[PDB]
């Protein structure tokens, strides 16, 4: 048993949260080019046989209930789970269209004890977002 069992009836869900336009109050420029990512991920994960679900411009609240409702689903027949977050962010934080949301609050719904039908199954979280304001000036080879 060095490899996860991926021969279940279904590969699993692939929830893609694509936040492009943020509330004026937040002062965050639109994430132009983000639709290209959403479409890319959708095609890519469809080939891997995942049940893709794209959600666009969700508020900090909508991200939570979405994640909560998904974790409350019966994943028994599914091999794994995937969630992609496309948005603005900071260390340990992902932005809803109206404000920040802690990454921990999101991932907790899937904790081994909180989502029994996904225990022992790989839970992937692809996060495209900033994690601070530092820039890598790189170094020459």
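Numbering follows the first chain given and starts at 1.
Trainee: State which stretch shows the higher mean Cα B factor in the entry: 33-41 or 90-98.
Mentor: That would be 90-98.
Trainee: Per the record, averaged over C-alpha atoms, which has the higher B-factor: 60-68 or 24-32?
Mentor: In the deposited entry, the stretch with the higher C-alpha B-factor mean is 24-32.
Trainee: Place residue 135 in the lowest, middle or highest third of its chain's C-alpha B-factors, as listed in the PDB entry.
Mentor: According to the entry, residue 135 has a C-alpha B-factor in the chain's lowest third.
Trainee: Compare the C-alpha B factor of residue 107 with those of the other modelled residues in its chain, then answer lowest, middle or highest third.
Mentor: It falls in the middle third of the chain.
Trainee: Which third of the chain does residue 80 land in by C-alpha B-factor: lowest, middle or highest?
Mentor: Lowest third.
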